[PDB]
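Peer 1: Pasting protein.pdb below, which is PDB, C-alpha atoms.
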ATOM      1  CA  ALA W   1      17.726  -9.026 -21.903
ATOM      2  CA  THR W   2      18.187  -5.395 -20.787
ATOM      3  CA  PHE W   3      17.969  -4.398 -17.097
ATOM      4  CA  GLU W   4      17.950  -0.705 -16.244
ATOM      5  CA  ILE W   5      19.091  -0.213 -12.637
ATOM      6  CA  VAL W   6      18.018   3.140 -11.192
ATOM      7  CA  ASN W   7      19.071   4.652  -7.854
ATOM      8  CA  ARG W   8      16.237   6.868  -6.617
ATOM      9  CA  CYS W   9      17.669   6.885  -3.069
ATOM     10  CA  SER W  10      19.058  10.147  -1.746
ATOM     11  CA  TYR W  11      22.326   8.324  -0.970
ATOM     12  CA  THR W  12      24.903   6.623  -3.204
ATOM     13  CA  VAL W  13      24.566   2.877  -3.675
ATOM     14  CA  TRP W  14      26.867   0.424  -5.382
ATOM     15  CA  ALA W  15      24.718  -1.834  -7.528
ATOM     16  CA  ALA W  16      25.787  -5.446  -8.012
ATOM     17  CA  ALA W  17      24.677  -8.135 -10.475
ATOM     18  CA  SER W  18      25.808 -11.764 -10.331
ATOM     19  CA  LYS W  19      24.680 -15.304 -10.967
ATOM     20  CA  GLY W  20      26.727 -16.670  -8.067
ATOM     21  CA  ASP W  21      29.734 -17.995  -9.966
ATOM     22  CA  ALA W  22      30.197 -15.087 -12.372
ATOM     23  CA  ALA W  23      29.456 -11.395 -12.830
ATOM     24  CA  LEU W  24      26.475 -10.330 -14.913
ATOM     25  CA  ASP W  25      27.677  -7.630 -17.327
ATOM     26  CA  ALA W  26      30.305  -5.601 -15.474
ATOM     27  CA  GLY W  27      29.149  -7.019 -12.092
ATOM     28  CA  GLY W  28      28.935  -3.735 -10.185
ATOM     29  CA  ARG W  29      29.033   0.026 -10.411
ATOM     30  CA  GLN W  30      28.612   3.134  -8.321
ATOM     31  CA  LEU W  31      25.211   4.850  -8.714
ATOM     32  CA  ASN W  32      24.887   8.325  -7.303
ATOM     33  CA  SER W  33      21.397   9.566  -6.442
ATOM     34  CA  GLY W  34      19.394   9.669  -9.668
ATOM     35  CA  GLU W  35      21.833   7.704 -11.834
ATOM     36  CA  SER W  36      20.787   4.818 -14.079
ATOM     37  CA  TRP W  37      22.930   1.912 -15.239
ATOM     38  CA  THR W  38      21.857  -0.310 -18.138
ATOM     39  CA  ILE W  39      23.195  -3.872 -18.219
ATOM     40  CA  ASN W  40      22.719  -6.724 -20.626
ATOM     41  CA  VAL W  41      22.052 -10.195 -19.227
ATOM     42  CA  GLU W  42      22.488 -13.228 -21.473
ATOM     43  CA  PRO W  43      19.262 -15.102 -22.384
ATOM     44  CA  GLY W  44      18.842 -18.316 -20.435
ATOM     45  CA  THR W  45      20.525 -16.926 -17.324
ATOM     46  CA  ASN W  46      19.302 -18.951 -14.370
ATOM     47  CA  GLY W  47      19.596 -17.751 -10.787
ATOM     48  CA  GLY W  48      20.682 -14.163 -11.395
ATOM     49  CA  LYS W  49      20.432 -11.568  -8.623
ATOM     50  CA  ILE W  50      20.712  -7.782  -8.434
ATOM     51  CA  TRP W  51      21.192  -5.939  -5.147
ATOM     52  CA  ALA W  52      22.426  -2.661  -3.687
ATOM     53  CA  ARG W  53      25.479  -2.236  -1.469
ATOM     54  CA  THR W  54      25.763   0.658   0.992
ATOM     55  CA  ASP W  55      28.693   2.598   2.499
ATOM     56  CA  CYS W  56      31.437   1.258   0.243
ATOM     57  CA  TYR W  57      35.057   2.339  -0.086
ATOM     58  CA  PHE W  58      37.048   1.167  -3.120
ATOM     59  CA  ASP W  59      40.565   1.903  -4.261
ATOM     60  CA  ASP W  60      41.724   2.686  -7.810
ATOM     61  CA  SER W  61      41.894  -1.103  -8.467
ATOM     62  CA  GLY W  62      38.245  -1.833  -7.496
ATOM     63  CA  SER W  63      39.041  -3.479  -4.175
ATOM     64  CA  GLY W  64      37.537  -2.396  -0.888
ATOM     65  CA  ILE W  65      34.690  -2.979   1.570
ATOM     66  CA  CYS W  66      30.935  -2.258   1.877
ATOM     67  CA  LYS W  67      28.809  -2.283   5.021
ATOM     68  CA  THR W  68      25.960  -4.195   3.360
ATOM     69  CA  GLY W  69      26.054  -6.619   0.467
ATOM     70  CA  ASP W  70      29.867  -6.820   0.147
ATOM     71  CA  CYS W  71      30.867  -9.447  -2.484
ATOM     72  CA  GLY W  72      34.347 -10.403  -1.314
ATOM     73  CA  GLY W  73      35.650  -6.850  -1.355
ATOM     74  CA  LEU W  74      35.238  -6.277  -5.130
ATOM     75  CA  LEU W  75      33.531  -3.398  -6.921
ATOM     76  CA  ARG W  76      32.693  -5.785  -9.783
ATOM     77  CA  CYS W  77      30.922  -8.664  -8.065
ATOM     78  CA  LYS W  78      31.550 -12.220  -9.230
ATOM     79  CA  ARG W  79      29.828 -13.869  -6.221
ATOM     80  CA  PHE W  80      26.740 -13.030  -4.158
ATOM     81  CA  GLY W  81      26.842 -10.402  -1.431
ATOM     82  CA  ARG W  82      26.982 -10.616   2.349
ATOM     83  CA  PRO W  83      23.597 -10.131   4.062
ATOM     84  CA  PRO W  84      21.615  -8.084   4.736
ATOM     85  CA  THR W  85      20.629  -7.589   1.056
ATOM     86  CA  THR W  86      17.199  -7.037  -0.426
ATOM     87  CA  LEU W  87      17.331  -9.259  -3.544
ATOM     88  CA  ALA W  88      15.891  -8.958  -7.035
ATOM     89  CA  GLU W  89      16.013 -12.510  -8.360
ATOM     90  CA  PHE W  90      15.416 -13.806 -11.852
ATOM     91  CA  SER W  91      15.664 -16.796 -14.141
ATOM     92  CA  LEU W  92      15.307 -16.002 -17.846
ATOM     93  CA  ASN W  93      14.013 -18.058 -20.818
ATOM     94  CA  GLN W  94      13.081 -21.127 -18.783
ATOM     95  CA  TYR W  95      10.896 -23.186 -21.121
ATOM     96  CA  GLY W  96       9.651 -20.009 -22.752
ATOM     97  CA  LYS W  97       9.053 -17.946 -19.579
ATOM     98  CA  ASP W  98      10.934 -15.508 -17.339
ATOM     99  CA  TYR W  99      10.503 -15.727 -13.553
ATOM    100  CA  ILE W 100      11.138 -12.762 -11.240
ATOM    101  CA  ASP W 101      10.758 -12.124  -7.542
ATOM    102  CA  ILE W 102      12.009 -10.027  -4.665
ATOM    103  CA  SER W 103      13.347 -11.880  -1.638
ATOM    104  CA  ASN W 104      14.012 -10.922   2.009
ATOM    105  CA  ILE W 105      15.422 -14.395   2.754
ATOM    106  CA  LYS W 106      18.859 -12.799   3.065
ATOM    107  CA  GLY W 107      17.576  -9.771   4.950
ATOM    108  CA  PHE W 108      16.817  -6.244   3.796
ATOM    109  CA  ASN W 109      19.019  -3.218   3.281
ATOM    110  CA  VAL W 110      17.477  -0.953   0.615
ATOM    111  CA  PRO W 111      13.830  -0.702  -0.598
ATOM    112  CA  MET W 112      13.330  -1.948  -4.140
ATOM    113  CA  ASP W 113      10.877  -2.155  -7.033
ATOM    114  CA  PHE W 114      11.444  -4.828  -9.722
ATOM    115  CA  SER W 115       9.200  -4.312 -12.759
ATOM    116  CA  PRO W 116       9.129  -5.322 -16.437
ATOM    117  CA  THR W 117       9.559  -2.554 -18.990
ATOM    118  CA  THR W 118       7.903  -4.721 -21.691
ATOM    119  CA  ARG W 119       4.313  -5.947 -21.681
ATOM    120  CA  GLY W 120       2.677  -8.996 -20.205
ATOM    121  CA  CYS W 121       3.266  -9.197 -16.452
ATOM    122  CA  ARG W 122       3.237  -7.072 -13.309
ATOM    123  CA  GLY W 123       6.061  -5.866 -11.111
ATOM    124  CA  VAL W 124       6.818  -6.537  -7.439
ATOM    125  CA  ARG W 125       7.933  -4.156  -4.739
ATOM    126  CA  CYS W 126       9.184  -4.103  -1.149
ATOM    127  CA  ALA W 127       9.301  -0.431  -0.119
ATOM    128  CA  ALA W 128       8.374  -0.488   3.574
ATOM    129  CA  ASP W 129      10.675   0.896   6.254
ATOM    130  CA  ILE W 130      11.999  -2.491   7.284
ATOM    131  CA  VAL W 131      15.240  -1.081   8.679
ATOM    132  CA  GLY W 132      13.451   1.417  10.905
ATOM    133  CA  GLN W 133      11.022  -1.197  12.248
ATOM    134  CA  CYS W 134      13.559  -4.061  12.408
ATOM    135  CA  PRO W 135      13.364  -6.190  15.601
ATOM    136  CA  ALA W 136      16.244  -5.512  17.976
ATOM    137  CA  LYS W 137      17.881  -8.925  17.583
ATOM    138  CA  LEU W 138      17.948  -8.680  13.770
ATOM    139  CA  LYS W 139      19.415  -5.179  13.473
ATOM    140  CA  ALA W 140      22.738  -5.170  11.736
ATOM    141  CA  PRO W 141      25.269  -2.644  13.123
ATOM    142  CA  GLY W 142      26.509  -1.755   9.631
ATOM    143  CA  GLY W 143      22.962  -0.937   8.566
ATOM    144  CA  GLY W 144      20.104  -3.134   7.422
ATOM    145  CA  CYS W 145      17.879  -5.788   8.968
ATOM    146  CA  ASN W 146      19.271  -9.328   8.932
ATOM    147  CA  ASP W 147      17.220 -12.447   8.335
ATOM    148  CA  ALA W 148      16.988 -14.890  11.240
ATOM    149  CA  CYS W 149      18.964 -17.649   9.499
ATOM    150  CA  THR W 150      21.990 -15.327   9.174
ATOM    151  CA  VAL W 151      21.722 -14.304  12.829
ATOM    152  CA  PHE W 152      20.909 -17.579  14.625
ATOM    153  CA  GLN W 153      21.993 -20.407  12.233
ATOM    154  CA  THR W 154      19.295 -22.933  13.251
ATOM    155  CA  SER W 155      17.730 -25.645  11.081
ATOM    156  CA  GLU W 156      14.357 -23.973  11.568
ATOM    157  CA  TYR W 157      15.313 -20.495  10.332
ATOM    158  CA  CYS W 158      17.586 -21.805   7.561
ATOM    159  CA  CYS W 159      15.158 -24.595   6.548
ATOM    160  CA  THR W 160      18.100 -26.983   6.422
ATOM    161  CA  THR W 161      16.011 -30.160   6.525
ATOM    162  CA  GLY W 162      13.572 -28.936   3.869
ATOM    163  CA  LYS W 163      10.872 -28.784   6.526
ATOM    164  CA  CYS W 164      10.392 -25.521   8.370
ATOM    165  CA  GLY W 165       7.533 -23.190   9.145
ATOM    166  CA  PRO W 166       7.112 -19.430   9.341
ATOM    167  CA  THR W 167       8.573 -17.855  12.482
ATOM    168  CA  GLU W 168       8.151 -14.670  14.482
ATOM    169  CA  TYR W 169      11.019 -13.192  12.463
ATOM    170  CA  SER W 170       9.806 -14.256   9.008
ATOM    171  CA  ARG W 171       6.322 -12.904   9.798
ATOM    172  CA  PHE W 172       7.851  -9.494  10.463
ATOM    173  CA  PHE W 173       9.305  -9.328   6.951
ATOM    174  CA  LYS W 174       6.063 -10.695   5.508
ATOM    175  CA  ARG W 175       3.845  -8.199   7.342
ATOM    176  CA  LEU W 176       5.816  -5.238   5.938
ATOM    177  CA  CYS W 177       6.421  -6.737   2.438
ATOM    178  CA  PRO W 178       3.824  -9.357   1.535
ATOM    179  CA  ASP W 179       5.060  -9.623  -2.060
ATOM    180  CA  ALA W 180       8.591 -10.701  -1.148
ATOM    181  CA  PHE W 181       9.774 -14.123   0.047
ATOM    182  CA  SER W 182      10.167 -14.088   3.833
ATOM    183  CA  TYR W 183      11.584 -17.579   4.416
ATOM    184  CA  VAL W 184      12.703 -20.498   2.278
ATOM    185  CA  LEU W 185       9.339 -22.297   2.074
ATOM    186  CA  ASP W 186       7.149 -19.216   1.864
ATOM    187  CA  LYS W 187       4.160 -19.395  -0.476
ATOM    188  CA  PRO W 188       5.874 -18.214  -3.688
ATOM    189  CA  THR W 189       5.481 -14.641  -4.834
ATOM    190  CA  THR W 190       7.235 -15.316  -8.131
ATOM    191  CA  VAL W 191       5.816 -13.472 -11.162
ATOM    192  CA  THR W 192       5.789 -15.236 -14.555
ATOM    193  CA  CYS W 193       6.690 -12.964 -17.483
ATOM    194  CA  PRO W 194       7.034 -13.720 -21.213
ATOM    195  CA  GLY W 195      10.421 -15.116 -22.175
ATOM    196  CA  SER W 196      12.883 -12.371 -23.164
ATOM    197  CA  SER W 197      11.175  -9.539 -21.248
ATOM    198  CA  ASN W 198      13.224  -6.480 -20.188
ATOM    199  CA  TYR W 199      13.189  -5.004 -16.694
ATOM    200  CA  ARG W 200      13.943  -2.060 -14.432
ATOM    201  CA  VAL W 201      15.166  -2.349 -10.837
ATOM    202  CA  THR W 202      14.595   0.852  -8.874
ATOM    203  CA  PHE W 203      16.191   1.392  -5.474
ATOM    204  CA  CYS W 204      14.089   3.576  -3.126
ATOM    205  CA  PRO W 205      11.077   3.636  -5.475
ATOM    206  CA  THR W 206       9.057   5.815  -3.068
TER     207      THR W 206
END
As structure tokens - that is how I would like this structure written.
Peer 2:
Amino acid sequence: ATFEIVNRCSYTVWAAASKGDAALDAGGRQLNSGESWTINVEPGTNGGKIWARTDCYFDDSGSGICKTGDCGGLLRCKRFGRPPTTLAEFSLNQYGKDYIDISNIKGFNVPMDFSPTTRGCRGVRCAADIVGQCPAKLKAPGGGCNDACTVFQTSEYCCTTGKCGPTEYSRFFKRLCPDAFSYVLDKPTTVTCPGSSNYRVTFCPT
């Protein structure tokens, strides 16, 4: 499957793509404002994520640090990134269908649109100013708006027991971005697409 990753932000981002135990394609790349990066993701990939990292420094060997979404200090991510990270999430070719969503369960750093470029389903978007409106206790100094599980580490926010409800913090993310997951047991906002669709992830779509 082809993913085109487009940075429409006015600032540089470092895109990342991983399935948690391995890079997808090259795993990461710098995207200046306006740049597009096309990756290929193997059919059947389950649990892939794409995200943006902000304020990164890397040396000539690809090793460094980012203020949001850092994946163990590597330019080419093999593991998932440190919150806060707005997440584009996907599982491909699962019994004939692709499943896509955007999640704020690990916080929010950059606004995002995640849309098919082939026919047969709709896209999803979270483009509200979540960082600007972020509650004081969730603001991350490096930038971004953390989720409450990252900040407070309770069974309720992290849904550790498999039972949890919405909270004052999850309802904030949900009020600004109804089409993104706001906590682990949120009513799903997953979109079902035809198997083997292609997609575009756009940072700062507005």
Peer 1: Here's the selection I'm unsure about, the PyMOL selection byres ((chain W and resi 31-37) around 8); applied to the file above, which residues does it give, as an MDAnalysis selection string?
Peer 2: chainID W and resid 4:15 29:30 38:39
Peer 1: Determine the nearest neighbour of residue W:203 from the options W:89, W:42, W:25, W:113, counting only C-alpha atoms.
Peer 2: W:113
Peer 1: What does the PyMOL selection byres ((chain W and resi 94) around 10) select in this file, as a PDB file with C-alpha atoms, in the frame of the given file?
Peer 2:
ATOM      1  CA  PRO W  43      19.262 -15.102 -22.384  1.00  0.00           C
ATOM      2  CA  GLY W  44      18.842 -18.316 -20.435  1.00  0.00           C
ATOM      3  CA  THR W  45      20.525 -16.926 -17.324  1.00  0.00           C
ATOM      4  CA  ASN W  46      19.302 -18.951 -14.370  1.00  0.00           C
ATOM      5  CA  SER W  91      15.664 -16.796 -14.141  1.00  0.00           C
ATOM      6  CA  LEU W  92      15.307 -16.002 -17.846  1.00  0.00           C
ATOM      7  CA  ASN W  93      14.013 -18.058 -20.818  1.00  0.00           C
ATOM      8  CA  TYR W  95      10.896 -23.186 -21.121  1.00  0.00           C
ATOM      9  CA  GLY W  96       9.651 -20.009 -22.752  1.00  0.00           C
ATOM     10  CA  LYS W  97       9.053 -17.946 -19.579  1.00  0.00           C
ATOM     11  CA  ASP W  98      10.934 -15.508 -17.339  1.00  0.00           C
ATOM     12  CA  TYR W  99      10.503 -15.727 -13.553  1.00  0.00           C
ATOM     13  CA  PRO W 194       7.034 -13.720 -21.213  1.00  0.00           C
ATOM     14  CA  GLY W 195      10.421 -15.116 -22.175  1.00  0.00           C
ATOM     15  CA  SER W 196      12.883 -12.371 -23.164  1.00  0.00           C
TER      16      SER W 196
END
Peer 1: Select, from W:131, W:186, W:124, W:118, the residue with the minimum atom-to-atom distance to residue W:2, counting only C-alpha atoms.
Peer 2: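 Answer, going by the shortest atom-to-atom distance: W:118.
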Peer 1: Find, counting all atoms listed in the file, the residue in W:23, W:121, W:112, W:88 that gets nearest to residue W:192.
Peer 2: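 Distance minimum relative to residue W:192 lands on W:121.
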